[PDB]
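These notes are about the structure you will find just below.
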Amino acid sequence: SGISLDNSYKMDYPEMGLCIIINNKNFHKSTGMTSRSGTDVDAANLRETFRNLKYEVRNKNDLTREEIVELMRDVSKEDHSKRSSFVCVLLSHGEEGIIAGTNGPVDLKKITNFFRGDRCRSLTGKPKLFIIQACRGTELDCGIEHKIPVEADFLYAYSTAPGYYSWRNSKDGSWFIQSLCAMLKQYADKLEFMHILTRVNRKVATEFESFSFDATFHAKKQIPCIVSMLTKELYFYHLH
Amino acid sequence: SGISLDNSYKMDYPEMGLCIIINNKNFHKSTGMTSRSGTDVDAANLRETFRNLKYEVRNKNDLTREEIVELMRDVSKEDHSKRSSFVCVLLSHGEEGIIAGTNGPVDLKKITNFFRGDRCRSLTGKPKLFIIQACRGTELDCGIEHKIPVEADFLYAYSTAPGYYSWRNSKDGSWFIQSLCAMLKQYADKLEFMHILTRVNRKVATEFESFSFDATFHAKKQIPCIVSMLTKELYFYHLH
Amino acid sequence: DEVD
Amino acid sequence: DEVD
């Protein structure tokens with residue numbers, strides 16, 4: 001055959017893969033964490049969006065820290081040999097490096113470690129995408145007018161910059177997930193994933209600004225944060 | 001005129017911009033930090049590479065923490081109105097979130113904060129690229145067979161994943177900078193910057209493995225870490 | 001608008 | 001090979 005290139009991930013396995021959505025809305029009273037109004041809008045939007053990309057979507061609601069860890073351990077022990085990729089979406093409270101279970105925190109590293117190249121062999125060499133809508137701290141943006149590494153082939157699409165709050169609208173859903181689904185719907189058959197996420201960065205940065213009766217929280221902006229350890233271009237489509 | 005698109009940064013200002021290279025090789029004895037053999041190879045490679053991209057390169061060697069902060073403060077107070085972009089390359093020891101001056105540490109946030117959208121107005125809306133060859137911890141990868149956000153328009157090209165050591169060869173230079181310069185030389189007139197950096201990820205991940213007489217440090221791998229808060233595509237070339 |  |  002003719003000259004071949006291998007600059008993009010093979011996305012023509014029989015299955016695109018799993019899309020696990022963990023949607024934590026209601027938290028145990030003792031934690032003091034508030035209910036996350038708007039998050040069901042996000043979860044529904046993500047389900048539809050990834051359905052149209054031919055992912056096998058599994059929605060999970062209000063998981064404890066123990067249930068989150070058990071779920072991701074179990075998913076990492078499935079046979080992903082016939083799947084092109086893996087997607088996990090986390091919708092919760094959080095802080096830098098941490099996602100909230102309904103009864104307490106889980107280290108993000110604990111979750112992602114299950115999918116390391118040496119620990120989930122049927123996903124080795126395949127893109128592993130973690131989409132995280134959660135705070136990463138409490139800063140507010142005021143704006144201005146023969147071997148491969150075990151950490152390779154991960155992409156973390158964070159809703160917000162390190163150290164910062166992340167914004168969620170109780171009616172419309174989170175700024176980031178709103179924007180992410182819109183850009184996937186418009187561009188997934190057209191653009192490489194990093195370019196889609198760059199459009200998401202621009203949409204969040206330009207089209208949203210907080211409104212609050214509290215001056216501390218009013219007129220604030222957000223920029224998401226793309227963290228890529230990918231080794232190839234990622235297109236959700238393939239050529240026949 | 002006809003239909004216009006604005007999905008990519010304007011890179012046809014009169015100047016591409018500054019490329020500041022901080023090359024820390026020799027450290028104050030009292031810090032206990034080792035000399036970074038190979039780093040001059042990196043600094044020379046970067047100087048040539050960014051020269052060919054038409055950046056105004058300034059090389060600085062063996063700066064104290066005080067000199068690093070003064071330098072970046074002063075650079076951030078220059079008039080960048082006629083410049084398309086800004087590049088800063090840091091070659092040193094480090095830990096997560098930290099770069100070593102010759103006499104002690106500097107928080108990376110202290111450096112990058114000078115270039116925030118609200119603090120360096122002549123770079124607002126322009127890409128600000130920080131290329132960081134430094135450790136981010138001590139983990140080793142064993143491998144497997146009307147307003148805009150003030151944090152917007154930054155790109156951090158880290159040599160290694162969060163928490164991990166970064167590798168440097170005393171003869172050839174660092175794995176990451178070697179690879180970065182090679183990919184810029186080959187693809188800067190051809191590919192968008194995220195795609196270039198993805199090729200760098202693959203090159204580092206596939207073509208390097210450590211050799212050591214010490215079993216703790218032997219046969220280790222590395223994956224770099226692209227962190228993008230960019231809002232547009234970045235091409236180093238423009239159309240005439 | 002609320003924070004996460 | 002050395003670490004930074």
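Please note that chains go A, B, ... in the order of the structure tokens, that every chain numbers its residues from 1, and that ligands are numbered from 1 in the order shown.
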Cα-based least-squares overlay of chain B on chain A, as a tab-separated table (two decimals) with C-alpha atoms, in the first residue's frame:
```
chain	number	residue	atom	x	y	z
B	1	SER	CA	0.00	0.00	0.00
B	2	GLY	CA	0.95	3.66	-0.22
B	3	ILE	CA	2.53	6.01	2.30
B	4	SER	CA	0.82	5.91	5.70
B	5	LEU	CA	0.71	8.47	8.52
B	6	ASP	CA	-0.08	7.80	12.18
B	7	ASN	CA	-0.45	11.28	13.67
B	8	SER	CA	-3.99	10.72	14.93
B	9	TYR	CA	-5.53	8.21	17.31
B	10	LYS	CA	-7.30	5.26	15.74
B	11	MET	CA	-10.97	5.99	16.42
B	12	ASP	CA	-12.48	3.29	14.22
B	13	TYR	CA	-12.58	0.45	16.73
B	14	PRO	CA	-16.00	-1.25	16.81
B	15	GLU	CA	-17.02	1.04	19.70
B	16	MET	CA	-16.12	4.66	20.50
B	17	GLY	CA	-16.04	3.67	24.17
B	18	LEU	CA	-17.68	4.46	27.48
B	19	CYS	CA	-18.74	7.90	28.64
B	20	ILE	CA	-19.18	7.80	32.43
B	21	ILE	CA	-20.98	10.85	33.81
B	22	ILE	CA	-20.89	11.32	37.58
B	23	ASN	CA	-23.51	13.90	38.49
B	24	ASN	CA	-23.36	14.95	42.13
B	25	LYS	CA	-26.20	17.30	42.98
B	26	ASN	CA	-27.20	16.49	46.56
B	27	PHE	CA	-24.68	16.23	49.35
B	28	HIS	CA	-24.82	14.77	52.84
B	29	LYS	CA	-25.97	17.43	55.29
B	30	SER	CA	-22.97	16.86	57.56
B	31	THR	CA	-20.55	17.95	54.83
B	32	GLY	CA	-22.15	21.38	54.63
B	33	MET	CA	-21.97	21.29	50.83
B	34	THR	CA	-24.74	23.08	48.95
B	35	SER	CA	-26.98	21.45	46.37
B	36	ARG	CA	-25.75	22.07	42.85
B	37	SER	CA	-28.79	23.51	41.07
B	38	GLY	CA	-28.35	23.37	37.30
B	39	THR	CA	-26.27	20.23	37.28
B	40	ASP	CA	-29.07	18.00	35.89
B	41	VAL	CA	-29.19	20.30	32.85
B	42	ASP	CA	-25.47	19.64	32.41
B	43	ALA	CA	-25.83	15.87	32.82
B	44	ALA	CA	-28.66	15.70	30.30
B	45	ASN	CA	-26.77	17.87	27.81
B	46	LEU	CA	-23.67	15.68	28.13
B	47	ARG	CA	-25.67	12.48	27.73
B	48	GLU	CA	-27.20	13.70	24.48
B	49	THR	CA	-23.95	15.18	23.19
B	50	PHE	CA	-21.91	12.04	23.74
B	51	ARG	CA	-24.75	9.82	22.52
B	52	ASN	CA	-24.52	11.63	19.19
B	53	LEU	CA	-20.76	10.94	19.16
B	54	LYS	CA	-21.65	7.21	19.55
B	55	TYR	CA	-20.35	6.78	23.11
B	56	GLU	CA	-21.95	4.26	25.42
B	57	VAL	CA	-23.13	6.71	28.08
B	58	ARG	CA	-23.63	5.72	31.70
B	59	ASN	CA	-25.12	8.35	33.99
B	60	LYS	CA	-24.57	8.03	37.74
B	61	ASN	CA	-26.14	10.34	40.31
B	62	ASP	CA	-25.20	11.36	43.85
B	63	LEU	CA	-22.30	8.99	44.51
B	64	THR	CA	-20.42	8.80	47.79
B	65	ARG	CA	-16.64	8.94	47.77
B	66	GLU	CA	-16.67	5.16	48.24
B	67	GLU	CA	-19.06	4.66	45.31
B	68	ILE	CA	-16.96	6.89	43.05
B	69	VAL	CA	-13.82	4.89	43.74
B	70	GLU	CA	-15.61	1.53	43.37
B	71	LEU	CA	-17.20	2.65	40.10
B	72	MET	CA	-13.98	3.80	38.52
B	73	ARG	CA	-12.08	0.72	39.75
B	74	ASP	CA	-14.76	-1.52	38.21
B	75	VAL	CA	-14.85	0.42	34.94
B	76	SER	CA	-11.04	0.24	34.69
B	77	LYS	CA	-11.25	-3.54	35.01
B	78	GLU	CA	-13.64	-3.94	32.08
B	79	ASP	CA	-12.35	-5.20	28.76
B	80	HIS	CA	-11.96	-2.08	26.62
B	81	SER	CA	-10.21	-3.92	23.76
B	82	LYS	CA	-12.97	-3.10	21.24
B	83	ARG	CA	-13.27	0.53	22.35
B	84	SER	CA	-11.42	3.50	20.81
B	85	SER	CA	-11.31	5.73	23.85
B	86	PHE	CA	-12.62	6.43	27.34
B	87	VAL	CA	-14.46	9.47	28.68
B	88	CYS	CA	-15.24	10.38	32.27
B	89	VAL	CA	-17.17	13.49	33.22
B	90	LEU	CA	-17.19	14.71	36.83
B	91	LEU	CA	-19.83	17.21	37.95
B	92	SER	CA	-19.41	18.21	41.58
B	93	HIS	CA	-17.95	20.45	44.18
B	94	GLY	CA	-14.19	20.42	44.41
B	95	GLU	CA	-10.91	22.07	45.28
B	96	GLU	CA	-7.51	21.91	43.63
B	97	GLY	CA	-6.84	18.25	42.84
B	98	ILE	CA	-10.05	17.08	44.51
B	99	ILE	CA	-13.62	16.14	43.51
B	100	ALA	CA	-16.46	15.87	46.04
B	101	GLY	CA	-18.28	12.66	46.69
B	102	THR	CA	-21.60	13.25	48.40
B	103	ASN	CA	-20.03	12.48	51.80
B	104	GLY	CA	-16.47	13.73	51.34
B	105	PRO	CA	-13.57	14.23	48.93
B	106	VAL	CA	-11.83	12.00	46.41
B	107	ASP	CA	-8.35	12.81	45.06
B	108	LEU	CA	-8.55	13.17	41.29
B	109	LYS	CA	-5.26	11.24	41.08
B	110	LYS	CA	-6.92	8.26	42.78
B	111	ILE	CA	-9.57	8.18	40.05
B	112	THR	CA	-7.24	8.70	37.10
B	113	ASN	CA	-4.60	6.27	38.38
B	114	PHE	CA	-6.97	3.36	37.66
B	115	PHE	CA	-6.59	4.16	33.96
B	116	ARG	CA	-2.77	4.45	33.86
B	117	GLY	CA	-1.12	2.76	30.87
B	118	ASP	CA	0.20	0.00	33.13
B	119	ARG	CA	-3.04	-0.52	35.11
B	120	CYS	CA	-5.69	-0.54	32.39
B	121	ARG	CA	-4.02	-2.47	29.59
B	122	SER	CA	-7.00	-2.47	27.22
B	123	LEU	CA	-6.83	1.35	27.19
B	124	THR	CA	-3.05	1.60	26.78
B	125	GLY	CA	-2.29	3.86	23.81
B	126	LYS	CA	-5.89	5.09	23.68
B	127	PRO	CA	-7.12	8.55	24.65
B	128	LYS	CA	-8.51	8.85	28.16
B	129	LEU	CA	-10.52	12.04	28.58
B	130	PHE	CA	-11.49	13.49	31.96
B	131	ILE	CA	-13.89	16.42	31.83
B	132	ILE	CA	-14.12	18.16	35.18
B	133	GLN	CA	-16.76	20.69	36.20
B	134	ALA	CA	-15.74	21.57	39.76
B	135	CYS	CA	-14.02	24.33	41.66
B	136	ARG	CA	-10.23	24.30	41.88
B	137	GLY	CA	-10.00	26.74	44.77
B	138	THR	CA	-11.59	30.04	45.72
B	139	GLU	CA	-9.96	32.63	43.51
B	140	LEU	CA	-12.22	34.84	41.40
B	141	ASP	CA	-11.23	36.23	38.02
B	142	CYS	CA	-12.12	39.95	37.94
B	143	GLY	CA	-11.34	40.18	34.24
B	144	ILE	CA	-10.12	43.14	32.21
B	145	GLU	CA	-11.94	45.35	29.69
B	146	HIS	CA	9.07	-0.12	23.44
B	147	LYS	CA	7.52	1.48	26.51
B	148	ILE	CA	5.19	4.43	26.90
B	149	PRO	CA	4.77	6.64	29.96
B	150	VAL	CA	1.96	5.53	32.30
B	151	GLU	CA	0.68	9.11	32.34
B	152	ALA	CA	0.59	9.38	28.53
B	153	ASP	CA	-2.65	9.66	26.51
B	154	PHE	CA	-4.66	11.48	29.18
B	155	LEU	CA	-6.53	14.72	28.52
B	156	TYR	CA	-7.99	16.74	31.40
B	157	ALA	CA	-10.54	19.32	30.30
B	158	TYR	CA	-10.90	21.42	33.44
B	159	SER	CA	-13.72	23.93	33.66
B	160	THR	CA	-11.52	26.58	35.27
B	161	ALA	CA	-7.91	27.66	35.88
B	162	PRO	CA	-5.90	26.22	38.80
B	163	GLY	CA	-6.86	27.88	42.09
B	164	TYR	CA	-10.14	29.33	40.84
B	165	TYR	CA	-13.82	28.91	41.46
B	166	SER	CA	-15.90	27.48	38.61
B	167	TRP	CA	-19.29	28.97	37.74
B	168	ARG	CA	-22.64	27.21	37.40
B	169	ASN	CA	-25.97	28.78	36.52
B	170	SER	CA	-28.94	27.28	38.37
B	171	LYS	CA	-31.20	27.61	35.32
B	172	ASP	CA	-28.87	27.10	32.37
B	173	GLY	CA	-26.20	24.75	33.75
B	174	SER	CA	-22.48	25.37	34.13
B	175	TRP	CA	-20.76	27.83	31.84
B	176	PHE	CA	-18.17	25.25	30.85
B	177	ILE	CA	-20.45	22.29	30.21
B	178	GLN	CA	-22.96	24.51	28.31
B	179	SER	CA	-20.14	25.68	26.12
B	180	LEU	CA	-18.47	22.28	25.72
B	181	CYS	CA	-21.66	20.61	24.51
B	182	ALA	CA	-22.37	23.47	22.11
B	183	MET	CA	-18.91	23.25	20.57
B	184	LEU	CA	-18.97	19.47	20.29
B	185	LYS	CA	-22.38	19.64	18.61
B	186	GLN	CA	-21.12	22.21	16.10
B	187	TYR	CA	-17.57	21.03	15.45
B	188	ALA	CA	-17.06	17.35	16.36
B	189	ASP	CA	-17.47	16.32	12.72
B	190	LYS	CA	-15.08	19.10	11.64
B	191	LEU	CA	-12.27	19.92	14.09
B	192	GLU	CA	-9.55	18.21	16.10
B	193	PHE	CA	-10.43	18.02	19.80
B	194	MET	CA	-7.84	20.55	21.04
B	195	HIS	CA	-9.24	23.07	18.58
B	196	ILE	CA	-12.78	22.34	19.82
B	197	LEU	CA	-11.63	22.89	23.40
B	198	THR	CA	-9.94	26.15	22.38
B	199	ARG	CA	-13.31	27.33	21.01
B	200	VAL	CA	-14.82	26.33	24.36
B	201	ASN	CA	-12.17	28.46	26.11
B	202	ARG	CA	-13.14	31.43	23.99
B	203	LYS	CA	-16.89	30.92	24.47
B	204	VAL	CA	-16.57	30.74	28.25
B	205	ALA	CA	-14.16	33.67	28.38
B	206	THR	CA	-16.25	35.97	26.18
B	207	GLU	CA	-19.93	35.10	26.62
B	208	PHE	CA	-20.27	34.76	30.42
B	209	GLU	CA	-19.97	37.10	33.38
B	210	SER	CA	-21.41	36.54	36.83
B	211	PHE	CA	-24.29	38.53	38.25
B	212	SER	CA	-24.58	38.71	42.02
B	213	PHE	CA	-26.11	40.94	44.66
B	214	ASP	CA	-22.89	40.25	46.57
B	215	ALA	CA	-20.10	42.55	45.37
B	216	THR	CA	-17.48	39.90	46.20
B	217	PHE	CA	-19.00	37.55	43.62
B	218	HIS	CA	-20.30	40.03	41.07
B	219	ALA	CA	-18.99	40.65	37.52
B	220	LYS	CA	-16.53	37.77	37.57
B	221	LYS	CA	-15.10	35.89	34.59
B	222	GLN	CA	-13.81	32.38	33.92
B	223	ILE	CA	-11.27	30.69	31.67
B	224	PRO	CA	-11.16	26.89	31.39
B	225	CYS	CA	-7.91	24.97	31.44
B	226	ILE	CA	-6.97	22.30	28.87
B	227	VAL	CA	-4.34	19.88	30.22
B	228	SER	CA	-3.05	17.51	27.55
B	229	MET	CA	-0.75	14.53	27.86
B	230	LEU	CA	-2.06	13.27	24.52
B	231	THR	CA	0.45	11.96	21.98
B	232	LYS	CA	-1.76	12.15	18.87
B	233	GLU	CA	-4.49	14.29	17.33
B	234	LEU	CA	-8.00	13.31	18.38
B	235	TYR	CA	-10.91	13.40	15.93
B	236	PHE	CA	-14.26	11.97	16.95
B	237	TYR	CA	-14.90	10.96	13.36
B	238	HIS	CA	-12.94	8.60	11.13
B	239	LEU	CA	-12.56	8.10	7.39
B	240	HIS	CA	-14.46	5.24	5.74
```
Check the DSSP output for the backbone and give back, as a PyMOL selection string, the residues of chain B in helix (DSSP H, G or I).
chain B and resi 29-31+39-52+65-76+108-113+121-123+175-187+193-207+215-217
List every residue of segment 84-182 of chain B that DSSP, applied to the backbone, labels as strand (DSSP E), and write the result as a PyMOL selection string.
chain B and resi 84-91+94-95+98-101+104-107+128-133+154-158+167-169+173-174
Next, dump the selected residues to file, keeping only N, CA and C atoms, as a compact mmCIF listing (two decimals), in the first residue's frame.
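Saved to result-v3.txt:
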```
# COMPACT_ATOMS: atom_id res chain seq x y z
N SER B 84 3.31 40.70 18.59
CA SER B 84 2.20 39.77 18.44
C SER B 84 1.97 38.89 19.66
N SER B 85 3.04 38.63 20.38
CA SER B 85 3.02 37.58 21.39
C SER B 85 4.17 37.78 22.36
N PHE B 86 4.24 36.91 23.37
CA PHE B 86 5.34 36.92 24.32
C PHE B 86 5.72 35.49 24.64
N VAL B 87 7.02 35.21 24.70
CA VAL B 87 7.51 33.89 25.07
C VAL B 87 8.52 34.01 26.19
N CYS B 88 8.38 33.16 27.20
CA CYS B 88 9.35 33.03 28.26
C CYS B 88 9.71 31.57 28.44
N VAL B 89 11.01 31.28 28.42
CA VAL B 89 11.49 29.92 28.62
C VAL B 89 12.29 29.87 29.90
N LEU B 90 11.94 28.93 30.78
CA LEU B 90 12.61 28.75 32.07
C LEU B 90 13.33 27.41 32.09
N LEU B 91 14.65 27.45 32.29
CA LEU B 91 15.47 26.26 32.36
C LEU B 91 16.11 26.22 33.73
N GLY B 94 13.38 22.73 39.78
CA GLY B 94 12.09 23.14 40.28
C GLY B 94 11.36 22.05 41.02
N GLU B 95 10.18 22.43 41.51
CA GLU B 95 9.23 21.52 42.13
C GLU B 95 7.85 21.95 41.65
N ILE B 98 6.99 25.75 41.17
CA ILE B 98 8.17 26.50 41.59
C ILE B 98 9.32 26.36 40.60
N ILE B 99 10.05 27.45 40.35
CA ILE B 99 11.26 27.41 39.54
C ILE B 99 12.41 27.92 40.41
N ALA B 100 13.60 27.32 40.25
CA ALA B 100 14.74 27.71 41.07
C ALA B 100 15.51 28.89 40.52
N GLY B 101 15.60 29.96 41.30
CA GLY B 101 16.66 30.93 41.10
C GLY B 101 17.95 30.30 41.59
N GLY B 104 17.61 30.29 45.46
CA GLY B 104 16.36 29.93 46.09
C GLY B 104 15.20 30.01 45.12
N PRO B 105 14.02 29.59 45.57
CA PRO B 105 12.87 29.40 44.68
C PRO B 105 12.07 30.65 44.35
N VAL B 106 11.41 30.61 43.19
CA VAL B 106 10.43 31.60 42.79
C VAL B 106 9.13 30.87 42.46
N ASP B 107 8.00 31.33 42.99
CA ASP B 107 6.71 30.78 42.58
C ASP B 107 6.46 31.10 41.12
N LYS B 128 0.57 34.44 25.46
CA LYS B 128 1.68 34.51 26.39
C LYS B 128 2.11 33.09 26.70
N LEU B 129 3.29 32.71 26.21
CA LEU B 129 3.73 31.33 26.21
C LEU B 129 4.85 31.15 27.22
N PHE B 130 4.65 30.24 28.18
CA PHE B 130 5.69 29.92 29.16
C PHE B 130 6.12 28.47 28.96
N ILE B 131 7.39 28.30 28.64
CA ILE B 131 7.94 26.99 28.34
C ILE B 131 8.84 26.63 29.50
N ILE B 132 8.54 25.53 30.19
CA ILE B 132 9.19 25.29 31.48
C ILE B 132 9.88 23.93 31.53
N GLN B 133 11.20 23.95 31.49
CA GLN B 133 12.02 22.76 31.68
C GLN B 133 12.52 22.78 33.12
N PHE B 154 -2.93 32.52 28.15
CA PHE B 154 -1.67 31.91 28.58
C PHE B 154 -1.59 30.47 28.08
N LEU B 155 -0.38 30.04 27.73
CA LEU B 155 -0.09 28.65 27.41
C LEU B 155 1.15 28.27 28.21
N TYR B 156 1.06 27.18 28.98
CA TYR B 156 2.19 26.68 29.73
C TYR B 156 2.59 25.34 29.13
N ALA B 157 3.76 25.31 28.50
CA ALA B 157 4.29 24.08 27.95
C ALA B 157 5.27 23.50 28.96
N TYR B 158 4.77 22.63 29.83
CA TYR B 158 5.60 22.01 30.85
C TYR B 158 6.31 20.80 30.28
N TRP B 167 13.60 15.04 32.83
CA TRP B 167 14.92 14.50 32.47
C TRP B 167 15.75 15.38 31.55
N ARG B 168 17.04 15.45 31.85
CA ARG B 168 18.00 16.25 31.10
C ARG B 168 19.22 15.40 30.82
N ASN B 169 19.68 15.38 29.57
CA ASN B 169 20.90 14.66 29.26
C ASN B 169 22.09 15.63 29.24
N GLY B 173 21.30 17.74 26.05
CA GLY B 173 20.27 18.66 26.51
C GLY B 173 19.04 17.94 27.03
N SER B 174 18.02 18.70 27.43
CA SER B 174 16.85 18.05 28.02
C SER B 174 16.00 17.39 26.95
```
